[PDB]
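J.: Here you go, entry.pdb (PDB, C-alpha atoms):
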```
ATOM      1  CA  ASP A 487      69.366 203.871 -25.798  1.00  0.00           C
ATOM      2  CA  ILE A 488      67.321 201.024 -24.301  1.00  0.00           C
ATOM      3  CA  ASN A 489      68.194 197.341 -24.689  1.00  0.00           C
ATOM      4  CA  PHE A 490      66.841 194.603 -22.421  1.00  0.00           C
ATOM      5  CA  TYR A 491      64.753 191.431 -22.520  1.00  0.00           C
ATOM      6  CA  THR A 492      61.789 190.248 -20.460  1.00  0.00           C
ATOM      7  CA  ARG A 493      59.593 187.151 -20.337  1.00  0.00           C
ATOM      8  CA  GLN A 494      56.049 187.124 -18.970  1.00  0.00           C
ATOM      9  CA  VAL A 495      53.484 184.451 -18.114  1.00  0.00           C
ATOM     10  CA  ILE A 496      50.051 184.293 -19.765  1.00  0.00           C
ATOM     11  CA  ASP A 497      48.353 184.828 -16.344  1.00  0.00           C
ATOM     12  CA  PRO A 498      46.236 181.667 -16.742  1.00  0.00           C
ATOM     13  CA  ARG A 499      43.713 183.022 -14.231  1.00  0.00           C
ATOM     14  CA  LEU A 500      42.584 185.591 -16.831  1.00  0.00           C
ATOM     15  CA  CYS A 501      44.074 184.305 -20.095  1.00  0.00           C
ATOM     16  CA  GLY A 502      45.276 180.776 -20.821  1.00  0.00           C
ATOM     17  CA  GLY A 503      41.848 179.468 -21.742  1.00  0.00           C
ATOM     18  CA  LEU A 504      40.254 180.545 -25.037  1.00  0.00           C
ATOM     19  CA  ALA A 505      41.092 177.031 -26.267  1.00  0.00           C
ATOM     20  CA  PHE A 506      39.114 173.879 -26.943  1.00  0.00           C
ATOM     21  CA  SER A 507      39.512 172.570 -23.376  1.00  0.00           C
ATOM     22  CA  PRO A 508      39.631 168.895 -24.447  1.00  0.00           C
ATOM     23  CA  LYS A 509      37.628 167.980 -21.336  1.00  0.00           C
ATOM     24  CA  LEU A 510      34.490 168.585 -23.404  1.00  0.00           C
ATOM     25  CA  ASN A 511      33.552 166.536 -26.494  1.00  0.00           C
ATOM     26  CA  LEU A 512      34.898 163.629 -24.393  1.00  0.00           C
ATOM     27  CA  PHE A 513      33.133 164.171 -21.069  1.00  0.00           C
ATOM     28  CA  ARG A 514      29.792 164.588 -22.842  1.00  0.00           C
ATOM     29  CA  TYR A 515      30.967 161.565 -24.870  1.00  0.00           C
ATOM     30  CA  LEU A 516      30.677 157.874 -23.953  1.00  0.00           C
ATOM     31  CA  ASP A 517      31.546 158.340 -20.237  1.00  0.00           C
ATOM     32  CA  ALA A 518      28.054 157.058 -19.380  1.00  0.00           C
ATOM     33  CA  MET A 519      27.785 153.995 -21.636  1.00  0.00           C
ATOM     34  CA  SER A 520      31.423 153.098 -20.964  1.00  0.00           C
ATOM     35  CA  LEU A 521      30.587 153.286 -17.263  1.00  0.00           C
ATOM     36  CA  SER A 522      27.603 151.040 -18.050  1.00  0.00           C
ATOM     37  CA  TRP A 523      30.157 148.206 -18.190  1.00  0.00           C
ATOM     38  CA  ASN A 524      28.683 147.600 -14.748  1.00  0.00           C
ATOM     39  CA  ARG A 525      26.568 145.059 -16.634  1.00  0.00           C
ATOM     40  CA  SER A 526      29.660 143.059 -17.594  1.00  0.00           C
ATOM     41  CA  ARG A 527      31.153 143.515 -14.131  1.00  0.00           C
ATOM     42  CA  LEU A 528      27.980 142.141 -12.547  1.00  0.00           C
ATOM     43  CA  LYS A 529      28.033 139.232 -14.998  1.00  0.00           C
ATOM     44  CA  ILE A 530      31.610 138.289 -14.119  1.00  0.00           C
ATOM     45  CA  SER A 531      31.018 138.859 -10.400  1.00  0.00           C
ATOM     46  CA  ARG A 532      28.046 136.481 -10.472  1.00  0.00           C
ATOM     47  CA  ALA A 533      30.221 133.615 -11.706  1.00  0.00           C
ATOM     48  CA  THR A 534      33.202 134.741  -9.605  1.00  0.00           C
TER      49      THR A 534
ATOM     50  CA  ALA B   1       3.179 151.208 -19.654  1.00  0.00           C
ATOM     51  CA  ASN B   2       5.550 148.634 -18.169  1.00  0.00           C
ATOM     52  CA  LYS B   3       9.188 148.227 -17.200  1.00  0.00           C
ATOM     53  CA  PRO B   4      11.516 148.365 -20.225  1.00  0.00           C
ATOM     54  CA  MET B   5      14.616 146.199 -20.334  1.00  0.00           C
ATOM     55  CA  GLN B   6      18.114 146.972 -21.513  1.00  0.00           C
ATOM     56  CA  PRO B   7      20.229 144.483 -23.475  1.00  0.00           C
ATOM     57  CA  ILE B   8      22.871 142.761 -21.365  1.00  0.00           C
ATOM     58  CA  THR B   9      24.461 140.415 -23.936  1.00  0.00           C
ATOM     59  CA  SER B  10      24.595 141.748 -27.488  1.00  0.00           C
ATOM     60  CA  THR B  11      25.899 139.814 -30.483  1.00  0.00           C
ATOM     61  CA  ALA B  12      25.364 139.783 -34.242  1.00  0.00           C
ATOM     62  CA  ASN B  13      22.976 136.834 -33.748  1.00  0.00           C
ATOM     63  CA  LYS B  14      22.325 137.042 -29.985  1.00  0.00           C
ATOM     64  CA  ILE B  15      20.629 139.846 -28.055  1.00  0.00           C
ATOM     65  CA  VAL B  16      19.278 139.214 -24.556  1.00  0.00           C
ATOM     66  CA  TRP B  17      17.274 141.713 -22.522  1.00  0.00           C
ATOM     67  CA  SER B  18      16.578 141.457 -18.808  1.00  0.00           C
ATOM     68  CA  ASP B  19      14.739 143.608 -16.297  1.00  0.00           C
ATOM     69  CA  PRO B  20      17.133 145.612 -14.088  1.00  0.00           C
ATOM     70  CA  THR B  21      14.718 145.336 -11.162  1.00  0.00           C
ATOM     71  CA  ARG B  22      14.024 141.615 -11.697  1.00  0.00           C
ATOM     72  CA  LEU B  23      17.008 140.125 -13.512  1.00  0.00           C
ATOM     73  CA  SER B  24      15.211 136.764 -13.605  1.00  0.00           C
ATOM     74  CA  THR B  25      12.886 137.911 -16.391  1.00  0.00           C
ATOM     75  CA  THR B  26      14.521 137.675 -19.811  1.00  0.00           C
ATOM     76  CA  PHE B  27      13.751 137.928 -23.514  1.00  0.00           C
ATOM     77  CA  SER B  28      16.192 136.344 -25.966  1.00  0.00           C
ATOM     78  CA  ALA B  29      16.203 136.648 -29.755  1.00  0.00           C
ATOM     79  CA  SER B  30      18.340 134.458 -32.020  1.00  0.00           C
ATOM     80  CA  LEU B  31      18.533 134.748 -35.800  1.00  0.00           C
ATOM     81  CA  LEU B  32      20.118 132.042 -37.945  1.00  0.00           C
ATOM     82  CA  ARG B  33      20.740 133.052 -41.554  1.00  0.00           C
ATOM     83  CA  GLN B  34      21.344 130.354 -44.150  1.00  0.00           C
ATOM     84  CA  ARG B  35      21.173 130.104 -47.926  1.00  0.00           C
ATOM     85  CA  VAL B  36      18.925 127.318 -49.226  1.00  0.00           C
ATOM     86  CA  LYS B  37      18.579 126.196 -52.840  1.00  0.00           C
ATOM     87  CA  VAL B  38      15.204 125.429 -54.401  1.00  0.00           C
ATOM     88  CA  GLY B  39      14.348 124.680 -58.023  1.00  0.00           C
ATOM     89  CA  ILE B  40      16.306 126.981 -60.378  1.00  0.00           C
ATOM     90  CA  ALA B  41      16.337 129.560 -57.574  1.00  0.00           C
ATOM     91  CA  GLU B  42      18.799 130.231 -54.765  1.00  0.00           C
ATOM     92  CA  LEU B  43      16.932 131.256 -51.624  1.00  0.00           C
ATOM     93  CA  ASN B  44      18.037 133.211 -48.545  1.00  0.00           C
ATOM     94  CA  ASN B  45      16.351 131.767 -45.462  1.00  0.00           C
ATOM     95  CA  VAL B  46      16.302 133.091 -41.900  1.00  0.00           C
ATOM     96  CA  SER B  47      14.998 131.428 -38.736  1.00  0.00           C
ATOM     97  CA  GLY B  48      13.687 133.671 -35.976  1.00  0.00           C
ATOM     98  CA  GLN B  49      14.125 132.229 -32.491  1.00  0.00           C
ATOM     99  CA  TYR B  50      12.409 134.070 -29.631  1.00  0.00           C
ATOM    100  CA  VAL B  51      12.425 132.965 -25.985  1.00  0.00           C
ATOM    101  CA  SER B  52      10.576 134.803 -23.210  1.00  0.00           C
ATOM    102  CA  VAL B  53      11.045 133.652 -19.612  1.00  0.00           C
ATOM    103  CA  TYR B  54       9.349 134.861 -16.423  1.00  0.00           C
ATOM    104  CA  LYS B  55      10.482 133.393 -13.132  1.00  0.00           C
ATOM    105  CA  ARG B  56       7.536 133.308 -10.764  1.00  0.00           C
ATOM    106  CA  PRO B  57       6.317 131.631  -7.553  1.00  0.00           C
ATOM    107  CA  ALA B  58       2.936 130.526  -8.713  1.00  0.00           C
ATOM    108  CA  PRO B  59       0.082 129.778  -6.235  1.00  0.00           C
ATOM    109  CA  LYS B  60      -0.736 131.488  -2.949  1.00  0.00           C
ATOM    110  CA  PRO B  61      -2.352 128.743  -0.838  1.00  0.00           C
ATOM    111  CA  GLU B  62      -6.035 129.644  -0.535  1.00  0.00           C
ATOM    112  CA  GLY B  63      -6.389 133.333   0.309  1.00  0.00           C
ATOM    113  CA  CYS B  64      -4.061 134.376   3.150  1.00  0.00           C
ATOM    114  CA  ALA B  65      -0.969 136.576   3.307  1.00  0.00           C
ATOM    115  CA  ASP B  66       1.979 136.035   5.619  1.00  0.00           C
ATOM    116  CA  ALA B  67       5.767 135.981   5.913  1.00  0.00           C
ATOM    117  CA  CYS B  68       6.434 132.264   6.485  1.00  0.00           C
ATOM    118  CA  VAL B  69       5.049 131.266   3.122  1.00  0.00           C
ATOM    119  CA  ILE B  70       7.973 131.575   0.725  1.00  0.00           C
ATOM    120  CA  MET B  71       7.035 128.820  -1.662  1.00  0.00           C
ATOM    121  CA  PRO B  72       9.360 127.564  -4.421  1.00  0.00           C
ATOM    122  CA  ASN B  73       9.856 129.811  -7.415  1.00  0.00           C
ATOM    123  CA  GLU B  74       8.934 128.240 -10.744  1.00  0.00           C
ATOM    124  CA  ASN B  75       9.412 129.275 -14.365  1.00  0.00           C
ATOM    125  CA  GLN B  76       7.112 130.355 -17.203  1.00  0.00           C
ATOM    126  CA  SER B  77       8.746 130.133 -20.630  1.00  0.00           C
ATOM    127  CA  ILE B  78       7.172 130.936 -23.994  1.00  0.00           C
ATOM    128  CA  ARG B  79       9.302 130.087 -27.026  1.00  0.00           C
ATOM    129  CA  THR B  80       8.385 131.127 -30.560  1.00  0.00           C
ATOM    130  CA  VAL B  81      10.192 130.082 -33.740  1.00  0.00           C
ATOM    131  CA  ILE B  82       9.611 131.702 -37.136  1.00  0.00           C
ATOM    132  CA  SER B  83      11.179 130.460 -40.369  1.00  0.00           C
ATOM    133  CA  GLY B  84      10.714 131.583 -43.949  1.00  0.00           C
ATOM    134  CA  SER B  85      12.269 133.113 -47.018  1.00  0.00           C
ATOM    135  CA  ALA B  86      13.477 136.684 -46.656  1.00  0.00           C
ATOM    136  CA  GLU B  87      11.605 138.213 -49.584  1.00  0.00           C
ATOM    137  CA  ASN B  88       8.319 136.511 -48.665  1.00  0.00           C
ATOM    138  CA  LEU B  89       8.387 138.529 -45.444  1.00  0.00           C
ATOM    139  CA  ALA B  90       5.423 140.566 -46.700  1.00  0.00           C
ATOM    140  CA  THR B  91       3.165 137.512 -46.671  1.00  0.00           C
ATOM    141  CA  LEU B  92       5.171 135.998 -43.814  1.00  0.00           C
ATOM    142  CA  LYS B  93       3.787 138.744 -41.574  1.00  0.00           C
ATOM    143  CA  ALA B  94       0.119 138.142 -42.342  1.00  0.00           C
ATOM    144  CA  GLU B  95       0.100 134.458 -41.425  1.00  0.00           C
ATOM    145  CA  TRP B  96       2.021 135.382 -38.277  1.00  0.00           C
ATOM    146  CA  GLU B  97      -0.856 137.745 -37.559  1.00  0.00           C
ATOM    147  CA  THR B  98      -3.138 134.830 -38.411  1.00  0.00           C
ATOM    148  CA  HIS B  99      -1.081 132.611 -36.104  1.00  0.00           C
ATOM    149  CA  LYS B 100      -1.759 135.136 -33.333  1.00  0.00           C
ATOM    150  CA  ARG B 101      -5.541 135.030 -33.690  1.00  0.00           C
ATOM    151  CA  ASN B 102      -5.415 131.293 -34.351  1.00  0.00           C
ATOM    152  CA  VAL B 103      -3.842 130.500 -30.984  1.00  0.00           C
ATOM    153  CA  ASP B 104      -5.762 133.336 -29.304  1.00  0.00           C
ATOM    154  CA  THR B 105      -9.115 131.631 -29.853  1.00  0.00           C
ATOM    155  CA  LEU B 106      -7.633 128.375 -28.535  1.00  0.00           C
ATOM    156  CA  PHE B 107      -5.472 129.408 -25.564  1.00  0.00           C
ATOM    157  CA  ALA B 108      -6.253 133.013 -24.620  1.00  0.00           C
ATOM    158  CA  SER B 109     -10.014 132.423 -24.743  1.00  0.00           C
ATOM    159  CA  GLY B 110     -10.147 128.625 -24.680  1.00  0.00           C
ATOM    160  CA  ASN B 111      -9.089 126.292 -21.897  1.00  0.00           C
ATOM    161  CA  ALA B 112      -6.077 124.941 -23.793  1.00  0.00           C
ATOM    162  CA  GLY B 113      -3.839 126.208 -21.006  1.00  0.00           C
ATOM    163  CA  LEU B 114      -5.548 123.890 -18.533  1.00  0.00           C
ATOM    164  CA  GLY B 115      -4.885 120.868 -20.734  1.00  0.00           C
ATOM    165  CA  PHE B 116      -8.176 120.608 -22.587  1.00  0.00           C
ATOM    166  CA  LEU B 117      -8.550 120.617 -26.366  1.00  0.00           C
ATOM    167  CA  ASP B 118     -11.642 121.805 -28.213  1.00  0.00           C
ATOM    168  CA  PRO B 119     -12.287 120.014 -31.532  1.00  0.00           C
ATOM    169  CA  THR B 120     -14.935 122.571 -32.531  1.00  0.00           C
ATOM    170  CA  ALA B 121     -12.730 125.611 -31.906  1.00  0.00           C
ATOM    171  CA  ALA B 122     -12.806 128.130 -34.745  1.00  0.00           C
ATOM    172  CA  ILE B 123      -9.563 127.922 -36.732  1.00  0.00           C
ATOM    173  CA  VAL B 124      -8.812 130.048 -39.788  1.00  0.00           C
ATOM    174  CA  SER B 125      -6.038 130.206 -42.366  1.00  0.00           C
ATOM    175  CA  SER B 126      -3.997 133.171 -43.543  1.00  0.00           C
ATOM    176  CA  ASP B 127      -5.769 133.473 -46.892  1.00  0.00           C
ATOM    177  CA  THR B 128      -9.103 135.277 -47.106  1.00  0.00           C
ATOM    178  CA  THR B 129     -12.022 135.194 -49.518  1.00  0.00           C
TER     179      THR B 129
END
```
Hey, can you dump this file as structure tokens for me?
T.:
Amino acid sequence: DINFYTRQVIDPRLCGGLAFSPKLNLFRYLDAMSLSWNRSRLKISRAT
Amino acid sequence: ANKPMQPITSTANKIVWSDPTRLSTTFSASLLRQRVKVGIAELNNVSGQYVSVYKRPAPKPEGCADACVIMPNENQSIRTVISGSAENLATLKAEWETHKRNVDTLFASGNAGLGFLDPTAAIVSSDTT
């Protein structure tokens, strides 16, 4: 007769990925043109 | 080739480009859409406004080169306005092409830029034989 309970991690070093990793599809996304708001910042700084 | 510009102020009727290296140089385009009524026909008119500016210190005195000649910087602006009915754009283009050649023979090749006017300069119209 054996009766006990255990809980184990998903060892995220090995497993834990295999997902979408929402970094991508957003880092390759507008991060450049949104950064390009340097144009507007320069505009406001000129009149500042 | 030359230096391309990127737009710095975009709007539905206002787009302005400027050179990142020389922000003084600009090219602005303004479009004004309006509906005009002619005889038994409603017409959709558009006016094309185009302004090109180049800031530039013009003449180097005689033929030297030196540091302590930083003469005042002046401006060179060329403004072009085009108006006409939207659907007549097909023929609107050709006379614009004619307008190019027409001023070319007067200013680009003639001395109109100096201030002189040539009565016998060759001028042609859009239509052809």
J.: Find the residues of chain B that sit at most 10 Å from chain A; for each, write down the nearest two atoms and how far apart they are in Å, to one decimal. Count only C-alpha atoms. Sort by chain, then by number going up, and give it as a tab-separated table.
T.:
```
residue	atom	partner	partner_atom	distance
B:6	CA	A:525	CA	9.9
B:7	CA	A:525	CA	9.3
B:8	CA	A:525	CA	6.4
B:9	CA	A:526	CA	8.6
B:20	CA	A:525	CA	9.8
```
J.: Could you work out how far atom CA of residue A:499 lies from atom CA of residue A:511, giving the answer in Å with one decimal?
T.: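 Separation of atom CA of residue A:511 and atom CA of residue A:499: 22.9 Å.
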J.: For this structure, which residues satisfy the selection - the PyMOL selection byres ((chain B and resi 24-38) around 9) - when it is evaluated on the file as given? I want them as a PDB file with C-alpha atoms, in the frame of the given file.
T.:
```pdb
ATOM      1  CA  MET B   5      14.616 146.199 -20.334  1.00  0.00           C
ATOM      2  CA  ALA B  12      25.364 139.783 -34.242  1.00  0.00           C
ATOM      3  CA  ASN B  13      22.976 136.834 -33.748  1.00  0.00           C
ATOM      4  CA  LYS B  14      22.325 137.042 -29.985  1.00  0.00           C
ATOM      5  CA  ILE B  15      20.629 139.846 -28.055  1.00  0.00           C
ATOM      6  CA  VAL B  16      19.278 139.214 -24.556  1.00  0.00           C
ATOM      7  CA  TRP B  17      17.274 141.713 -22.522  1.00  0.00           C
ATOM      8  CA  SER B  18      16.578 141.457 -18.808  1.00  0.00           C
ATOM      9  CA  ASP B  19      14.739 143.608 -16.297  1.00  0.00           C
ATOM     10  CA  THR B  21      14.718 145.336 -11.162  1.00  0.00           C
ATOM     11  CA  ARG B  22      14.024 141.615 -11.697  1.00  0.00           C
ATOM     12  CA  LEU B  23      17.008 140.125 -13.512  1.00  0.00           C
ATOM     13  CA  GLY B  39      14.348 124.680 -58.023  1.00  0.00           C
ATOM     14  CA  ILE B  40      16.306 126.981 -60.378  1.00  0.00           C
ATOM     15  CA  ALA B  41      16.337 129.560 -57.574  1.00  0.00           C
ATOM     16  CA  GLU B  42      18.799 130.231 -54.765  1.00  0.00           C
ATOM     17  CA  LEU B  43      16.932 131.256 -51.624  1.00  0.00           C
ATOM     18  CA  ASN B  44      18.037 133.211 -48.545  1.00  0.00           C
ATOM     19  CA  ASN B  45      16.351 131.767 -45.462  1.00  0.00           C
ATOM     20  CA  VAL B  46      16.302 133.091 -41.900  1.00  0.00           C
ATOM     21  CA  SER B  47      14.998 131.428 -38.736  1.00  0.00           C
ATOM     22  CA  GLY B  48      13.687 133.671 -35.976  1.00  0.00           C
ATOM     23  CA  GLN B  49      14.125 132.229 -32.491  1.00  0.00           C
ATOM     24  CA  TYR B  50      12.409 134.070 -29.631  1.00  0.00           C
ATOM     25  CA  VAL B  51      12.425 132.965 -25.985  1.00  0.00           C
ATOM     26  CA  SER B  52      10.576 134.803 -23.210  1.00  0.00           C
ATOM     27  CA  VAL B  53      11.045 133.652 -19.612  1.00  0.00           C
ATOM     28  CA  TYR B  54       9.349 134.861 -16.423  1.00  0.00           C
ATOM     29  CA  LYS B  55      10.482 133.393 -13.132  1.00  0.00           C
ATOM     30  CA  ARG B  56       7.536 133.308 -10.764  1.00  0.00           C
TER      31      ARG B  56
END
```
J.: Just how far from atom CA of residue B:80 is atom CA of residue B:121, in Å to one decimal?
T.: 21.9 Å
J.: Restricting the calculation to all atoms listed in the file: of B:63, B:114, B:124, B:119, which residue gets closest to residue B:101?
T.: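 Result for the nearest residue to residue B:101: B:124.
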J.: Distance atom CA of residue B:126-atom CA of residue B:100, one decimal place?
T.: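 We find that atom CA of residue B:126 and atom CA of residue B:100 lie 10.6 Å from each other.
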J.: Quick one: axis-aligned box around all listed atoms of stretch 63-80 of chain B, 5 Å on every side, centre and edge lengths in Å to one decimal, written as AutoDock Vina command-line options.
T.:
```
--center_x 1.7 --center_y 132.1 --center_z -12.0 --size_x 26.2 --size_y 19.0 --size_z 47.0
```
